[PDB]
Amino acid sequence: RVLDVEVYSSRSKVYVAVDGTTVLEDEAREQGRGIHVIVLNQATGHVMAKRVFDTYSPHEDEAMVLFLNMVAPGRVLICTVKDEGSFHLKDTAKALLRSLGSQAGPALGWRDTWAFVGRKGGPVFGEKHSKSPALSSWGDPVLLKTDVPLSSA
């Protein structure tokens, strides 16, 4: 079958809904900055892992690379940015995002918004990105809605 996946990225709020049900929601004012990553089972849509990496801060990108490298091929990966995710998103992490098929991830800039849904090992199912227009501003909120094919037993 399919999963209906909805992913939202903005300055102050992220959420992810799967089949109309909210599995992640973070609207807290000064918490949860960075790249939120959700891993779903590719047959059932069950949440395997939920992490946030504050890649505005040093060393979090290194943690994210270790984490993503251990995700099994075939898992569904969902990424979404809250506030800022680029400042300490360094070349190794960007290369990894590129390997996953992301076009916007490797190009992520200051206060850009970004939502991504893909299968580890490819293909990418959907991706949206809004560039911040100025250093004192954030990218526009992005709402990505995409259908994800499920694998069958």
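Counting begins at 1, following the sequence as shown.
Undergrad: If you average the Cα B factors in the entry, which is higher, 134-142 or 6-14?
TA: Comparing 6-14 with 134-142, the higher average CA B-factor belongs to 134-142.
Undergrad: Can you tell me whether 107-115 has a higher mean C-alpha B factor than 25-33 in this record, or the other way round?
TA: For C-alpha atoms only, the mean B-factor is higher in 25-33.
Undergrad: From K50, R98, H46, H88, pick the one with the largest CA B-factor in the entry?
TA: It is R98.
Undergrad: Per the entry's values, where does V65 land by CA temperature factor relative to the rest of its chain, in the lowest, middle or highest third?
TA: CA B-factor rank for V65: lowest third.
Undergrad: Going by what the PDB entry lists, where does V148 fall on CA B-factor within its chain: lowest, middle or highest third?
TA: It belongs to the lowest third of the chain when residues are ordered by C-alpha B-factor.
Undergrad: Name the third of the chain's ranked CA B-factors that contains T92, choosing lowest, middle or highest.
TA: Tercile = highest for this residue's CA B-factor.
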